[PDB]
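To find a chain, count down the sequence lines: A is the first, B the second, and so on, and within it residues start at 1.
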Amino acid sequence: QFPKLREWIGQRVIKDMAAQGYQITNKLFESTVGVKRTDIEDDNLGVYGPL
Amino acid sequence: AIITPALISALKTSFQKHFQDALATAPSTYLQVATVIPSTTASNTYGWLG
């Protein structure tokens, strides 16, 4: 923001602004499950279908 | 005039069926708390995945 306006005291003063920043790094995520193939092959019921 | 009280005094009546079905029974409600799952054998086994 610009500095607030003030009454001139006799000699004007140079002021400065304040700028900042913010950084965020990506993160890597994982989720996995292992199942024996014979169970899927022997899945006539269909229990593992909604996996 | 004179007659046995087991024939005229018995047959001087008119049967009516107003009293039939005068009251009722509580309405069906199990639909609001249960689903209908038809079965085709002795028992039903249920299985769902986690």
Side-chain angles (χ1 to χ4, degrees):
Chain A
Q1 275 178 19
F2 204 71
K4 257 188 196 175
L5 275 71
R6 65 185 182 80
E7 183 178 1
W8 165 78
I9 56 166
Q11 186 187 356
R12 302 173 77 176
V13 180
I14 301 299
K15 300 188 186 286
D16 63 358
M17 291 184 185
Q20 57 252 37
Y22 182 56
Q23 187 182 256
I24 313 156
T25 303
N26 297 303
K27 283 212 189 154
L28 179 53
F29 301 87
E30 65 84 30
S31 60
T32 187
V33 302
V35 59
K36 189 180 286 294
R37 77 182 281 169
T38 50
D39 305 354
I40 294 284
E41 296 174 305
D42 309 331
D43 192 24
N44 303 352
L45 264 57
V47 178
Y48 315 135
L51 188 153
Chain B
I2 309 311
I3 188 147
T4 55
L7 183 140
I8 297 294
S9 304
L11 290 174
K12 300 289 94 176
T13 185
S14 189
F15 179 80
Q16 295 297 289
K17 65 179 73 175
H18 290 84
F19 279 53
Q20 180 67 237
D21 272 302
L23 58 94
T25 315
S28 184
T29 302
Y30 82 98
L31 283 71
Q32 306 179 40
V33 295
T35 45
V36 180
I37 305 180
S39 178
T40 68
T41 191
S43 71
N44 279 351
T45 302
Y46 300 90
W48 56 106
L49 190 62

(request) Give a yes or no on whether A/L51 atom CG has more than 12 heavy-atom contacts from other residues, nucleotides or ligands under 6.0 Å away. (result) no
Would you name the heavy atoms of [X] and [Y] that are closest together and state the gap between them?
X	Y	result
A/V47	A/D43	N-OD1, 3.0 Å
B/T13	B/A10	CG2-O, 3.7 Å
B/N44	B/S39	OD1-OG, 3.2 Å
A/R6	A/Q11	NH2-O, 4.3 Å

(message) Using the rule that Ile, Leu, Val, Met, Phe, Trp and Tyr join whenever any side-chain heavy atoms are under 4.5 Å apart, tell me whether B/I37 and B/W48 fall into a single cluster.
(response) yes
(message) Test of understanding: clusters of I, L, V, M, F, W, Y form through side-chain heavy atoms closer than 4.5 Å, transitively. Do A/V35 and A/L45 belong to the same one?
(response) yes
